[PDB]
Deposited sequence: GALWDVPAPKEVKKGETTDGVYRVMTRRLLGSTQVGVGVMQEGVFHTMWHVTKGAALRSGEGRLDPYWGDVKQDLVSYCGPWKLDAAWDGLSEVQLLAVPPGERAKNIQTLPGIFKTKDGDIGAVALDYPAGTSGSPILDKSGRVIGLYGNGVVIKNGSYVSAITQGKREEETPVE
């Protein structure tokens, strides 16, 4: 239940399917990572609480808690947790997804699929969204996907 960034694993062997964020007793990840399945955490079980396919987000144990947003000017850090590698910080200036409903920050970083759900951080260390839903331009560009608190 401790705050932090976590691998999302599945089982023969184990494989990492994604990443998520524990904050304020709630686990946050991308819908496409778990498809809303229950998660084991040690001997405990985490059940889905809120989810939305269009936003590609899901929270467990309570409502979505992450609410910081990119300021539109500053560099950010992807706290990437790739399969088989220690958590690592990658700093970048986001580009922008321009949509009919407004602009969304986007990071032009291409990490293995099991990194989906990794948090993107502002300079204060607040999570401004999750990595792993995006588009191809052949480089992948991820939206900075944030939910609503």
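Undergrad: Counting from residue 1 of the deposited sequence, where are the gaps with no C-alpha coordinates?
TA: Unmodelled stretches: 1-16, 28-29, 156-157, 170-176.
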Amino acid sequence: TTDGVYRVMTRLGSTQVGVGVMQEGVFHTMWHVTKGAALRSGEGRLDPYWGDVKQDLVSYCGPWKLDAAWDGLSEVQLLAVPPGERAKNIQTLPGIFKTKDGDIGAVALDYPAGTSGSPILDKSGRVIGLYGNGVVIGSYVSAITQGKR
From here on, numbers count along this sequence of modelled residues.
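Undergrad: Should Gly138 be counted as unmodelled in at least a third of the other PDB entries compared?
TA: Affirmative; at least a third of those entries omit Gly138.
Undergrad: One third of the other compared structures is the cut-off here: is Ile128 left unmodelled in that many or more?
TA: Other entries vs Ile128: none skip it.
Undergrad: With respect to the recorded C-alpha B factors, which stretch has the higher mean value, 51-59 or 88-96?
TA: Per the PDB entry, the higher value belongs to 88-96.
Undergrad: Would you mind comparing 36-44 and 120-128 for me and telling me which has the higher average C-alpha temperature factor in the entry?
TA: Averaging CA B-factors over each stretch, the winner is 36-44.
Undergrad: Which listed residue, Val141, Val21, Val17, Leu12, has the largest C-alpha temperature factor in the record?
TA: Answer, based on the entry's C-alpha B-factors: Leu12.
Undergrad: Would the CA B-factor of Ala69 place it in the lowest, middle or highest third of its chain?
TA: Middle third - that is where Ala69 ends up once the chain's C-alpha B-factors are sorted.
Undergrad: What third of the chain, by the recorded C-alpha B-factor, contains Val107?
TA: Lowest third of the chain for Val107's C-alpha B-factor.
Undergrad: Going by what the PDB entry lists, where does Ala113 fall on CA B-factor within its chain: lowest, middle or highest third?
TA: It falls in the top third of the chain.
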